[PDB]
Amino acid sequence: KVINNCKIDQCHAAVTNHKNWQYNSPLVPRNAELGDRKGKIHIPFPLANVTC
Amino acid sequence: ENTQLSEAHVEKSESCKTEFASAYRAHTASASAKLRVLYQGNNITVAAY
Ligand SMILES: *[C@@H]1O[C@H](CO)[C@@H](O)[C@H](O)[C@H]1NC(C)=O
Ligand SMILES: *[C@@H]1O[C@H](CO)[C@@H](O)[C@H](O)[C@H]1NC(C)=O
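Residues numbered from 1 in each chain as written, not as in the entry; some residues may be left out. Chains lettered and ligands numbered in written order. Part of a larger assembly, values for the part shown. Heavy atoms only, no water.

- In the PDB archive, cryo-EM is given as the structure determination method for this entry, at a resolution of 3.27 Å.

1. A few points about the overall build of chain A
- Counting its secondary structure elements, chain A contains zero helices and zero strands.
- A compact globule built from 52 residues should have a C-alpha radius of gyration of about 10 Å, whereas chain A, at 22 Å, is more than 25% larger.
- Here the C-alpha coordinates of chain A stretch approximately 75 × 25 × 20 Å along the principal axes.
- A total of 52 residues make up chain A; the buried ones form 0% of that total. (Helix = DSSP H or I, 4+ residues; strand = E, 2+ residues; numbered from the N terminus. Rg over C-alpha atoms; globule rule 2.2 N^0.38 Å. Buried < 20%, exposed > 50% of the residue type's maximum accessible area, 1.4 Å probe, protein only.)

2. Quick notes on unusual backbone geometry
All names here are of chain A.
- Despite not being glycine, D9 shows a phi value in the positive range, around 75 degrees.
- Given a relative accessible area of 71%, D9 falls into the exposed group.
- Of note in this structure, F45 is not a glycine but carries a positive phi near 60 degrees.

3. Some words on the pairing of strand β2 (residues 42-48) of chain B
All names here are of chain B.
- The pairing of strand β1 (residues 33-39) with β2 spans seven bridges and is classified as antiparallel. Among the inter-strand pairings, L35 is bridged to a residue of β2, identified as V46.
- The hairpin turn running from β1 into β2, its antiparallel successor, is two residues long, and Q40 in that turn takes a positive phi close to 55 degrees. (Pairing = 2+ DSSP bridges.)

4. Here's the deal with the pattern of salt bridges
Residue and element names in this part refer to chain B.
- Scanning the model with the defined rule gives two salt bridges over all chains in all.
- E14 is the salt-bridge partner of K17, the closest N and O atoms lying 2.6 Å from each other.
- On the basis of relative accessible area, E14 is assigned to the exposed category, the value being 59%. (Salt bridge = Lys/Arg side-chain N within 4 Å of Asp/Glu carboxyl O.)

5. What to know about the layout of surface pockets
- One number sums up the size of the largest pocket: a volume of about 1600 Å³.
- Partitioned by chemical class, the residues of the lining of the largest pocket number eleven nonpolar, ten polar and five charged. (1 Å grid on protein atoms, 1.4 Å probe; cavity = no way out; pocket = protein on both sides within 12 Å on 5 of 7 lines; lining within 4 Å. Points joined across faces, edges and corners; volume = space filled by probe spheres on them. Nonpolar A, V, L, I, M, F, W, Y, C, P; charged D, E, K, R; others polar.)

Pasting the structure below:
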């Protein structure tokens, strides 16, 4: 597109069409007031008893 | 005129099934004993409360 008589320092842009899911890190902002849960993954490597 | 919202709460760790400490209250105890007796040239053993 082109905008007539509308300088830079006055506009904004972003990309908004996504098809994959992402972890909800505390370092990234929420997309909506109430989150939309899609799935979950597990944490490996559990504990056990041994001797040393 | 922007704002930020933050929240947090506390839960119980998963590892509590293996690493934990327990508190008990104690009462009167029982007793038991075991003996050796030399009887008519042989050794015999007994066990009782
Ligand atoms: C062994 O592991 C079980 C659970 O996996 C736990 O209940 C028990 O206390 C453990 N024993 C020792 C000696 O760590
Ligand atoms: C068993 O009896 C013998 C005597 O016949 C004695 O010398 C021995 O010490 C007794 N056993 C034990 C464990 O005391």
